[PDB]
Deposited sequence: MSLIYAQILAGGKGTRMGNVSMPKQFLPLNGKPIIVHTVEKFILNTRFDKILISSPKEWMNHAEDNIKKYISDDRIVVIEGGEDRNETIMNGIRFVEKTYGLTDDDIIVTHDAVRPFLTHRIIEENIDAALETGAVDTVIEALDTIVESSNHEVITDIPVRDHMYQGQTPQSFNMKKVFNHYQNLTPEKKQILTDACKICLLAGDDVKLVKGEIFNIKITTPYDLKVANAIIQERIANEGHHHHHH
């Protein structure tokens, strides 16, 4: 029963990964990786990168963090395929068992807490599938035809998905591979795949500040958080 982390993310497939952007003087990826290193229960912390950014990723992390369990690996096309490449890496290099769990997380979510990581580990050992969520900040409205409201579902039922998403490694690898070629394209969320196969996907409560840093909107939303903290 070994515990693994996978840190991953992803204009016309050519733009620089946003996790390489500075945030208060240091790359977003470093802020994120620092959180995982402070957790002593991880055996390896995989950082997934597109082929052309691998060299930059490994040289950049090493100048800020000198932890031995950081390994930079090659990404896939889908977020799912990148996860599967992480499971295929662990198998080839370290070997897999039936109790090995992976905590997958967005490189551009640097504000996750120790609590979030710990609960994600514990819930992956229990049920083998976990999603990090917060109570929906806004009223969720459903529209099938995209012109009029078809439904406004009950408020306390509605949650907003964040990451980490943690899984039993063999379970999620098996569930994904059983899908048809068309169904791999549709099912982008790995937590939904486990849901549609009959696994219980437990919830871990996130934070309002556990934001994904993409847009220049999202970037200064992140700058709103970091300055008051010190």
Missing C-alpha stretches, by deposited numbering? 1, 12 to 16, 237 to 246
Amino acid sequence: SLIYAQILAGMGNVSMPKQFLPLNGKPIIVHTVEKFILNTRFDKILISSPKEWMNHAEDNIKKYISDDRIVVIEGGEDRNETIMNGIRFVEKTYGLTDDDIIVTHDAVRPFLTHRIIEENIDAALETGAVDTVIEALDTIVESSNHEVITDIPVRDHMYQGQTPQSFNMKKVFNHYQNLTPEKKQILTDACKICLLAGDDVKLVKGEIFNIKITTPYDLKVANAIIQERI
From here on, numbers count along this sequence of modelled residues.
Tell me which stretch, 106 to 114 or 83 to 91, has the higher mean Cα B-factor listed in the entry. 83 to 91
If you average the CA temperature factors over each stretch, which comes out higher, 50 to 58 or 174 to 182? 174 to 182
From 131, 142, 119, 135, pick the one with the largest CA B-factor in the entry? 142
Note to self: of 213, 11, 23, 208, the C-alpha temperature factor tops out at 11
Lowest, middle or highest third: where is residue 200 by Cα B-factor in its chain? highest
How does the C-alpha B factor of residue 188 compare with the rest of the chain: lowest, middle or highest third? highest
Residue 226: which third of its chain by C-alpha temperature factor? highest
Considering every modelled residue of the chain and its Cα B-factor in the PDB entry, is residue 3 in the lowest, middle or highest third? middle
Is residue 72 in the lowest, middle or highest third of its chain when residues are ranked by C-alpha B-factor? lowest
